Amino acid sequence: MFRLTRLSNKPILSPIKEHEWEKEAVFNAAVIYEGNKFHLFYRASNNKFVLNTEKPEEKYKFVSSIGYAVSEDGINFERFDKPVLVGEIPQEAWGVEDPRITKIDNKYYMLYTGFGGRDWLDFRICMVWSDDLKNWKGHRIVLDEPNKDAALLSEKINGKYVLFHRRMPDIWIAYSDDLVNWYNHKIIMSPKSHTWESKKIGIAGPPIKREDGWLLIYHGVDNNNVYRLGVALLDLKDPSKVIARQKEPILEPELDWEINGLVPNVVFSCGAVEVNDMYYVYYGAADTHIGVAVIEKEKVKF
């Protein structure tokens, strides 16, 4: 059984009170390693999260934005004054959440949750893409249904694009010829009763290719709404088949800024990259800050 090791006992990205769009939270960040640089696309909130009302109410409205940060060493980031993606469309009125970025061939796809705020189910997986991590376009609703925790596989399987998603409460897979229409939906992984991952599970970042299969980091929620990270291995040629799944989590809330925050007891990753024979796992903590934790690639054994 292996676990992640935090690189720092302090957050590496925190909210910035002077910036409305990221005044209260930065968290759940996609990550791409390119040109010897860590590219973080982090969710940002202008407000705490009141979630216990019948419907989303203007008086408690929060807006998610996606900011960008970049780092050479993985620890110190250059940040920017404005977000790089905002919800401009009515179905994205309360913003854009939890991006996952996958490079397929020479294009980058960011899958995120657009939240329209018209009711608590007013969310959907959206996609934008770029060829430069800078000019995002091609917006589309990936599945026209309440769904989230979505990521593209970094390559095609038998000539088809592969989508991981999350019809409650399982991790699902789907296939597409054209990145518009999805078919061959299949459950690939389910929660487990009387465990830390009993309530629901969802993919973390997009799966990382290995020789022995696809490394699928995921998040699991217990009955107290504690979010932890677990890890599984998908079959290399049929990523719809799980060939190994670790029983214990690889990361759990332990530090004060993972236990305490806007949403207690959360570690949540939307991205991880392989660098120098190590896996770098960036994670939102308490839906308030971003941490980073690593595992030596050699220790990943099931």
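Heads up: residue numbers just count along the shown sequence, starting at 1.
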Higher avg CA temperature factor (27-35 vs 266-274, as deposited) belongs to 27-35
Ranked by mean Cα B-factor in the entry, 72-80 and 94-102, top stretch is 72-80
One of 230, 169, 87, 205 has the largest Cα B-factor in the entry, namely 87
Listed options 157, 110, 150, 174: highest C-alpha B factor recorded at 157
On the chain's distribution of Cα B-factors, residue 136 falls within the third called highest
Split the chain's modelled residues into thirds by Cα B-factor; residue 248 lands in the highest
Residue 197: CA temperature factor from the record, placed by chain third, in the lowest
Residue 45: CA B-factor among chain residues, third -> lowest
Residue 235: CA B-factor among chain residues, third -> highest
